[PDB]
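The chain below stands alone and is given as structure tokens, in the form deposited in one PDB entry.
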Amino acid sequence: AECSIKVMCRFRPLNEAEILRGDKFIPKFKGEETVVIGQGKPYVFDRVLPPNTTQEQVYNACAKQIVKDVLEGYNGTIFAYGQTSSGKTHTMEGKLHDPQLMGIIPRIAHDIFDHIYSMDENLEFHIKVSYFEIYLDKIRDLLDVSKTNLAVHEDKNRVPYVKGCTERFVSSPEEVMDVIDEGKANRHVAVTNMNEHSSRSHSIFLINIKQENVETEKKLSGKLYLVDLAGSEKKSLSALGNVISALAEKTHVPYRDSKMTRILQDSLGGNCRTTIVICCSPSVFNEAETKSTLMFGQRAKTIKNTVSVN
């Protein structure tokens, strides 16, 4: 199909420190896709999502489609890039069990299933999730703490994948939920210590959705990544950063710079529908990063992917 990588920009509101430290709101929103910082040039994306916009609405805006797609046969990835404290974890997962405050992952959980349940008796679906976080170029099963430093490979079709990953099976959004809760717990067994730990730790949630209609025996499938990157502020980022920057404009892409990269390789260069949610801060306290981030999203919006079924 050859469709572009969508990019959305979500701005948190101002925090206490900022609110109390006076500060002020930098971004100016014109149209429903363009943002403006102070005097400078105007940044334009697939959608811009100010503070006031709900998570529900954030969802319909970025995830909702990616989900219908995976169920059609294509792969999908939706990650959140941005400097620490910007909103990534709130937008990717949110308050897990609040029907209002819950982020994307859980909502996708519900959407996937709401969708399946409704389909015909034929074509059964095999959904298996896996969960793991990266830290210093090396992996770590979130569902099996014992294991750390697992590694990647190229399938039959010769494309990469984390191997030896504890793939759990789910039949309802609830399971998917439990599974996430497991991880977040299995994490809490860790000393360096949490807030710190994350900070530079990207967590990956994989949802491998496979279906076959039994009657016609025609199959389908797709991997749907829900990455929540760690801070971007000034090492895999750089890997990432280049891996795309080498995509804006015959060049050769250094996927191999980092596993991560090596992982979402098909999400940046492969038959895969991809969206990016860049989270930003409105306080001038970070006007810098704001430029790099935006700039980062900007570059991405250019990169076009070729995506096919099966």
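Heads up: residue numbers just count along the shown sequence, starting at 1.
Not on display, but discussed next: the form deposited with a small molecule bound.
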- in the entry with it bound, which of the stretches 133-141, 147-155, 166-174, 82-90 has residues with heavy atoms within 4.5 Å of the small molecule? 82-90
- Query: Just to confirm, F11 within 4.5 Å of the small molecule in the entry with it bound by heavy atoms?
  - Reply: yes
- Hey, in the entry with it bound, does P42 get a heavy atom within 4.5 angstroms of the small molecule? no
- Query: Is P51 close enough to the small molecule in the entry with it bound to count, meaning some heavy atom within 4.5 Å?
  - Reply: yes
